[PDB]
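This report refers to the structure that appears directly beneath it.
In order of appearance the chains are A, B, C, D, E and F, and numbering begins at 1 in each one.
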Amino acid sequence: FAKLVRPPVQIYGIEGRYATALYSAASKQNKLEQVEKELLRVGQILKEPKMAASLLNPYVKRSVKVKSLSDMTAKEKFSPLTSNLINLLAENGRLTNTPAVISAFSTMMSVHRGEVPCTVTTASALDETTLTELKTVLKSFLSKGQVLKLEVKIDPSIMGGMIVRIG
Amino acid sequence: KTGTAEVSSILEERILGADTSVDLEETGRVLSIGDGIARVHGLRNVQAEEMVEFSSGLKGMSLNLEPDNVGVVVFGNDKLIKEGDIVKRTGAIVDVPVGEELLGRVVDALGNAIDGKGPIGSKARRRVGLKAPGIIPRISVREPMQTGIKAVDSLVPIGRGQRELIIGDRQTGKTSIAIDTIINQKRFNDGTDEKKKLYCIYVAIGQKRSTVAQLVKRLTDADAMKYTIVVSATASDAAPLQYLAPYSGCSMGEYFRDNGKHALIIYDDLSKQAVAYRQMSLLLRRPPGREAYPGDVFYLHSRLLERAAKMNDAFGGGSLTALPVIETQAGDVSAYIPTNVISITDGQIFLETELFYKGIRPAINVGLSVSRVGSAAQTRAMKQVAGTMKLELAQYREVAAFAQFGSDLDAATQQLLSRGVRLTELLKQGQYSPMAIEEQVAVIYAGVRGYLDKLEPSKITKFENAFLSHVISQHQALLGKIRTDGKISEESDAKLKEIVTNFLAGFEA
Amino acid sequence: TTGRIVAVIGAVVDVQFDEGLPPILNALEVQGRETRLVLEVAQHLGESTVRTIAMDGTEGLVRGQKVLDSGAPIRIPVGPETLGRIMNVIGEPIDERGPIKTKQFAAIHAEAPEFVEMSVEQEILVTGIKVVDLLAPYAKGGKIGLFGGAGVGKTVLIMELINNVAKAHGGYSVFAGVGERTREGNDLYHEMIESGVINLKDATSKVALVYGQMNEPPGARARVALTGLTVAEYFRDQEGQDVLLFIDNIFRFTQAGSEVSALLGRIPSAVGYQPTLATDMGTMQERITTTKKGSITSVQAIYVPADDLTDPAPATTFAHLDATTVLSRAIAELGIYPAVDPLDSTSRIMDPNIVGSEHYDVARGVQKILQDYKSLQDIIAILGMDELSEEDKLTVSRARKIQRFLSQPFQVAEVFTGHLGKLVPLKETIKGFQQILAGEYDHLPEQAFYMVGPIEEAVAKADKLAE
Amino acid sequence: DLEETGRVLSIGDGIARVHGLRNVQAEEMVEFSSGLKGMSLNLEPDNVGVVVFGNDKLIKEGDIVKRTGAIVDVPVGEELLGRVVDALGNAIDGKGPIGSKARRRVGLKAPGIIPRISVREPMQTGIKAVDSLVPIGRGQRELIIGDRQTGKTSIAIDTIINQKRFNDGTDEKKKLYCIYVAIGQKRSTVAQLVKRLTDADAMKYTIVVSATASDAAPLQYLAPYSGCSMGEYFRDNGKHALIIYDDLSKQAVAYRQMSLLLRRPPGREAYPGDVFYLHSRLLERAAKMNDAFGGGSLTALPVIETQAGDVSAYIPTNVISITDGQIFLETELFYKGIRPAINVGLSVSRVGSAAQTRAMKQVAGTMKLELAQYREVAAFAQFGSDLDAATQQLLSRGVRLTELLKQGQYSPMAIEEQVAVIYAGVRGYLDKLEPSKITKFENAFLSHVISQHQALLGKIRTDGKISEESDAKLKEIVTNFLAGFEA
Amino acid sequence: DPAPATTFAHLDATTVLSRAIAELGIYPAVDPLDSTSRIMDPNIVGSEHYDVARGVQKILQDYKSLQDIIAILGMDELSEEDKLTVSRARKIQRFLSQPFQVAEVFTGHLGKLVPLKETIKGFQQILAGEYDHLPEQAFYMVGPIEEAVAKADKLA
Amino acid sequence: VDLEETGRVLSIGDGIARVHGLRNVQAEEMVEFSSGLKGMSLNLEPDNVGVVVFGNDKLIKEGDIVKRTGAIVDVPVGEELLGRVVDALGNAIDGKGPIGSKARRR
């Protein structure tokens, strides 16, 4: 059917399924970078009338919808050939849905060599290396901030219940 | 995409430019296969209900033209199949080979006369999708039809072009019922008119090769097979195949019909089909429905079965007689399809096990067995003896109201029971039975004129053997005449009677 | 290729093979699964992800986990080293006696043989149990199903047969234990050694045991049946053997099929069914036959689920049968052992033509006698007699004698019975009934027939029962 | 800590769609923020369908589900003896903790046949009725089927009570670890029950695994499996454990419900059929082990509750096909009076004689039969329509004997007593008595022989297998005593 | 069954048969179980018409109660007052039978007509049952009851 | 579009107009279709409004503008219905033209 590669991200949030199209497509030929960045342009290029109810609006009529991307994405060279899925997803109504793909993707070459705290203490420092939680604890141990409430603050929480939890 | 194919082989190119497309109109790549349900990606343009051919060497039917894929029923194996497989249109819907060299043969429904002797190619082919006839195409069945089973021929005296439900649970010689008829048709197949030569089509739907093997064997022993197609989609035979088997058979019987010839199709049995089909549906996630069955199995059948008809002359006058079969489970006709069928067939044939255990082979509930039709397909012979007889049996049963404790509301009536019983002796037909009319009426005549009631029920059977063969021996003159008339000739009644009485006297004493 | 566990949704392991897509049925090996883990490909779900069924111990598993496709189905030893041996599905001594080395290995899938290779004809084979032969005269190399519920001495009965027959029977026999109680096998086992039919001085015992106990994964239980079949196919075809295939219990095979059906994304049909029941059946039963190499005479325990036969499964089954033994809960309940539902312990191969008419007729007279008797019951049930004639009484009584006469003690299960049971060579049976029918017995105490085999003994028993 | 936390992807209905946890073990019990457990049963590629163990409203989306990283084991040991636990093997008694800080997998399997050795065992319940007609071995699966205080439970207590004596004996082989798995058993019921045991303090060798009425469905679900592991321990330590599953009827219900809630569908009786797999798998682990395990046992006395007396009922039919006989308790007899209330006719241990004790066997051989005959005359006779003197005795006798299998609540017997009271009747010594006077006799007769003929009784037990001497001794003892009992 | 259940809602006249009646051979094979037209009522129809019908419906019901004993039991277990009802009911049955000419092939009896006044009258006599000089099942499949009266006699 | 007090017939040939919009619709609101017809925005889905067509149709079609009437249904009520046959909207069907029901009342 097509023997291919769907590398990190993966995960198939449907928009992970989408991502995976370009996770083999962009990824091959490595118009990864072109597109990875393309998306970045697009998202917010989009989401106003060139997204909103001057688009997404089903009451636009689908062909016309193509012909307002293909007038919106062959409106932009930010999809010089990865437009087509646009113009497909377009049809396939996945327009509001693009962030997840975009993310997933973009993440799928960023979250395709990163890491993020997920930890029983504060961070959202995030990282772009696979090896980690060693490096970061030197940026943690460095800078002091975040919501503090941001990750575990193992205080109100754990600990906080505990005497209560004994009684 | 959405639900269907956000496959990033699929999606993956759509990106680029919606590039990467086999044909998708007349070929597809198997999108997924599992469950013998091939969503075949592409093929998209395709006809509706085109039979396609798979890169598994199987056939399929692109049954469901789904907007993304084609739900293709696999006519065979599927370890064999894998995805991406090319399924190519054949450009074409089913036709099946049709012909006459299926007479003498056991086939798979594809029209490969397999039997483990493999096939002999029925050179002609015919669309199986061919429809049921019109009024002008039709004509009336005045013509009788036989089984050489007294009861049948008498009390539910048949005709050819039918749609009569044969109904009962297994091997009562359930099949025997069909067989004895078939054996009987031999003479008819030797019988000059080519509606006497009645092409037997036994559609074996889901009927295991072994059962069949026996059955065919039975047939072999009977070599009635020579005029017989056995359209065989055995128990193993894939569900669409089994499913198909009737439709295929159906086109083929109409062929003879429309080629003036009279073919008889025995659908044994739609019971298995429905299951299969439904299942088939279900695997496609297309419905179950009443009794888990999706309802256009009626449409299926309704359309299927009308295709047995009795045609005017324009069709060579021919017929395709359908004696559809449903083998019940505990007479469960409440059963949806039976309900349907009840509304379809122009009578239905009941078997009573009760009788069977009682030894009554046949065991039939004649009382329930009906040809709504009845008289229109009759012979006067039969008509002359049978009317009253029906009536007399009516009485036997009626007097079975009190044939219980007590059985004498008087001697006459006690007698009526005696008679009923006498007549009963006649209604059992041992395994393998294939009478002629004259014989039947002859034998009936005696009894219906009450000569047997002096005689005791056990000896009726004995008599029946003796008598029949006796008269058969001598009075072929007379019998010849009755046979000839197709009807009981009065002279013969007396001569016969006299023979009978005397013969009777010789049998009894 | 290699697959990743993408989903374990039950023991249905959806494995995503990315660049592999070996055909359906292919046994896939989970890498790291020490539990010799065959996944059987069931579907190509798409995405080269397959629906597989895990057939071994599973837990620990993580999504992604690596599977190495064995690229073909299971190979299991097939052929003679299994006799004696208790094998599992994957063909593996669960007799636990070191390995099993029958050098011919198998994918446990096979076809329906040809019609010409099929039984186009068979013969009544005596069992020497009155009722059994009489009503259900048996055909060599066919499939006989024994419907009967739960532990009803079902096992006892089969055992008794086995005892009589598998012992007698020189050929191989195969026992394919589908969902069989570990215990029941245990007893049997211990017996089997004991019986010395299995003796391990012969791994060419007359019996191969394949046990696939109910503790097993259903998929596993489902497939153990095929396993036994595959071996038996070995024995039929290869060993030319008159195989007895003891199946306990075909119901569970099916049960497993239906059970899984939902999960397979298939619909669990009527009553929950497997819609693939038929095909399962078709393939299974049709795999069985009498080839002209050997015969696989198939003794199939068929549990009557929840006592419903109307139940699609049993409903299906009949087609594939050749002889049905339906055991009657009532008869059983009368303690009568034979516990039969004789009015559906049958063989199509009942017919004067085949079995001689005497048998046949007598039987028909009986079948009848019971039948008539049957008829009355509904009245009498509240309403006693005398509103019935005494010839009706005679038949009733006779039917009753006969009833008792079908009760024929159990030699095996003296543990259950205390009785020693009888084998009735056929004549005592044919004659037996002819006599009762003849009224020759119709002044004896009915208990005379109760738990007897040969009719004379019933007379003997009568005399003493007559004090 | 990355994926040693996960976020509840979405939650409702105890099905926690779980984000993260993919690195998960299959069949991992996981841990919630609510401290609640779940099991990541279904690993879907997207989430983990987590059967959430417990009952909730106590969770919300994104709640952290942390791996526990563990596949279920249940705490195991002999230190649950002297313990009433909840299904997780935690207190509810609140007697502090167990000692069963060993844990042992609920995921453990049934023996190989080689690992198993068939039953030949004795094991008696002290219940005349039982021990007589269904004399028990060990390892065996035997259905107790009986209903909502038919004293359904009462009986079990007495059985257990009987085992006390062995547990007060040093005969482990006659000792039993009793495991009473309580499914759905309301707290009051349990409260009493436990209380009773305490009083009997048989509790010392006894686990009560208790998942009362309120309990979450998985818990109750799990509970048997828990139980399933625990007895096997004892069993591998050669010990003979008794698990009472009372009852899987509730489990199935829960399970189905659970399944249904999983959207996972069913068939028959609305149950999905692998409720069988559930039980089968549950039940196969009941065994009398080979010698390798110290020949242990886990003897399973499963219990099944007949809704409307029905058994044709798929789940009952199932269980029967698994069990090695069934003990029908028939309540009408209870209304009718009869303690216990039994359909004896249905009460069968197919195993039966394989499960015996020779002492009893000497009278019991005859008794099963005489009752059989009596029953035979229950059947032949015992309508409003059947007698001759022969049978009249069997009936008389029978009726008498009935009283002997009659049996009060909270009270089992020692076997020798059983043989004794029975003996009188076997050789027909109390047909002289009306049915009514039998019990009185029995009581009296028993305290008499206990008093004097402990000599004999002790002895009869001792030879474990009666002898003419005993017989003769009994015979005078009884006859004369009988004469004394009366006059 | 929803389909007919509903259907009834739209009716204005109905012919409610009885296959049992059909089975009893009777043609017409009817059964007023709601073989009605709501426009039935003594004003609307003759009151006599109405009245005759009610008497008839009644008798048949009672007769109907006893009827299975007979179904499984001949011309026997009765008290004669009640036999009167039996016979009359049996007659009523019979007079309701109408032969069928349009089906002459099937019946061997040619269809007939009885316009209303005779019909009601017919039954009024039957109710008066005079046809006691006459037997009963010689009252099958006629038009005029008269022909039935005739038809009996010739048999004798 | 105005998907607030109007909606576009999302799908129709259900006799239930799945209607996108009308979002500031109340629950249980009488709406009005473009096809004349009334419907009631019975069902408030986030996404569409299951609108029962308050009568029957074959007129309607997709995108049709469904306008809120913005009123929960009331029927004329009064005291002047005596001697009056009405349709279910509480307006005649008597063919005697209108009732006297001044009032309407929910």
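The rule is short, and it goes like this: a residue touches a chain if its C-beta (ideal position, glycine included) is under 8 Å from a C-beta of that chain, and two chains touch if they have at least 3 such contacts.
Peer 1: So which one's got more C-beta contacts, A-D or B-C?
Peer 2: Counting C-beta pairs in contact, B-C comes out ahead.
Peer 1: Please find which chain has its CA centre nearest to the centre of all protein CA atoms in view.
Peer 2: Of all chains shown, the one whose C-alpha centre lies nearest the global C-alpha mean is C.
Peer 1: Which whole number of Å gives the spacing of the CA centres of chain A and chain F?
Peer 2: So the centre of chain A lies 44 Å away from the centre of chain F.
Peer 1: Can you work out the whole-Å distance between the CA centroids of chain B and chain E?
Peer 2: The answer is 40 Å.
Peer 1: Per the centroid of Cα atoms for each chain, what is the distance between chain A and chain C, given in Å?
Peer 2: Each chain's C-alpha centroid was found; their separation is 58 Å.
Peer 1: Averaging over Cα atoms per chain, report the distance between chain A and chain B in Å.
Peer 2: From the centre of chain A to the centre of chain B is 64 Å.
Peer 1: Note the residues in chain B that touch 2 or more other chains, in rising order.
Peer 2: 7, 31, 83
Peer 1: Going by the contact rule already set, what residues in chain C reach two or more other chains?
Peer 2: none
Peer 1: Pull out every residue in chain A that's touching 2 or more other chains.
Peer 2: Answer for chain A, listing residues that touch two or more other chains: 6.
Peer 1: What residues of chain B sit close enough to touch chain A in their complex?
Peer 2: Of all residues in chain B, those touching chain A are 1-2, 6-18, 20, 29-31, 41, 83-84.
Peer 1: Quick one: which bits of chain A touch chain D in the complex? Just the residue numbers, please.
Peer 2: 11-13, 115, 118-120, 133
Peer 1: Where on chain D is chain C touching in the complex?
Peer 2: 22-28, 41-45, 49, 71, 107, 109-114, 116-118, 139, 141, 264-269, 272-274, 276-277, 280-281, 283-285, 287, 312-314, 317-318, 320-325, 350, 352-354, 369
Peer 1: Enumerate the contact residues on chain A facing chain B in the complex.
Peer 2: Going by the criterion above, the answer is residues 1-2, 4, 6, 14, 17-18, 20-26, 81-85, 87-88, 92-94.
Peer 1: Which residues of chain F touch chain A in their complex?
Peer 2: Where chain F meets chain A, its residues are 1, 8, 20, 63.
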